[PDB]
Amino acid sequence: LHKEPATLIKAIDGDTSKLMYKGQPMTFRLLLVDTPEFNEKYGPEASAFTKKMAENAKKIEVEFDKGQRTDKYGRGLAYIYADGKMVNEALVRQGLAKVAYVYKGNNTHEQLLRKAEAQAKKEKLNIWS
Ligand SMILES: Cc1cn([C@H]2C[C@H](OP(=O)(O)O)[C@@H](COP(=O)(O)O)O2)c(=O)[nH]c1=O
Ligand SMILES: [Ca+2]
């Protein structure tokens, strides 16, 4: 997999953000994770965490997996990095997302994220509390 450039346009919620990619606006949905909706418990915390991580980053990068790059809603599906730190992983490690939506052929970082979820759960963090 390869990291490609993007810039933040606007935060949206815990697991979606609006980025400019190849000079086009796109909503990106983070691969392999599920955050609570804003209206749900920890939903506000997950939105805040993703907004802060993206807005503070000097460098945002998109990394597509091997399989589908856009979902049925036209959202880009990717791993998103902020100054080299994967936002998908960081949410799960903090207990602000669960590993979820693991489809065959877009699951390169599944085991990395499951390890982070196990550690968040052992710490009883947030969703696991
Ligand atoms: C994360 C992800 C979601 N989706 C679709 C599945 C779900 O369909 P439904 O909308 O029919 O439930 C929806 C979940 O996204 P959200 O969690 O953003 O709502 O996004 C994919 O198709 N591929 C993916 O990799
Ligand atoms: Ca969600």
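Indexing begins at 1, ligand by ligand and atom by atom, following the structure's order. If you read the sequence from its start, that first residue is 1, and numbering goes on from there. As a basis for the values below, the full set of heavy atoms in this structure was taken, side chains included, without hydrogen atoms, waters or symmetry mates.
Of the listed residues (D34, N88, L32), just one forms a side-chain contact (heavy atoms from CB on, under 4.5 Å) with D15, and that residue is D34. Across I12, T16, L19, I60, a single residue satisfies side-chain contact (heavy atoms from CB on, under 4.5 Å) together with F28, and that is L19.
At the top of the distance list for atom 12 (O) of ligand 1, counting protein heavy atoms only, stands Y101 OH, 4.5 Å. Of the protein's non-hydrogen atoms, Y103 OH, 3.5 Å is the one closest to atom 6 (C) of ligand 1.
If you take CG on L31 and CG on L77, they are separated by 5.5 Å, rounding to the nearest 0.5 Å.
Listed by first and then second residue, the side chain to side chain donor-acceptor pair (under 3.5 Å) pairs involving residues 96-107 are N107-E110 (not counting sequence neighbours).
Annotation for ligand 1: atoms under 4.0 Å from non-hydrogen atoms of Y73 are 9 (P), 10 (O), 11 (O). The atoms of ligand 1 that sit less than 4.0 Å from any heavy atom of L77 are 23 (N), 24 (C), 25 (O).
Between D15 and ligand 1, no pair of N/O atoms sits closer than 3.5 Å. For ligand 1, one of its N or O atoms has an N or O atom of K72 under 3.5 Å away.
Side-chain polar atoms of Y42 and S47 form no donor-acceptor pair below 3.5 angstrom. Remark: the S129 side chain and the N126 side chain contain no N/O donor-acceptor pair separated by less than 3.5 Å.
Around the Ca ion (ligand 2), the two atoms O of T35 and OE2 of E37 are separated by an angle of 100°, to 10 degrees. The Ca ion (ligand 2) is the vertex of the angle joining OD2 of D15 and OD1 of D34, which measures 80° to the nearest 10°.
Pairing each heavy atom of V87 with each of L30, the nearest pair is CG1-CD1, 3.8 Å.
Of the candidates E37, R29, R75, it is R75 that places a heavy atom closest to atom 20 (O) of ligand 1.
Only the side chain of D34 comes within 4.0 Å of ligand 1, counting heavy atoms alone; its backbone N, CA, C and O stay farther away.
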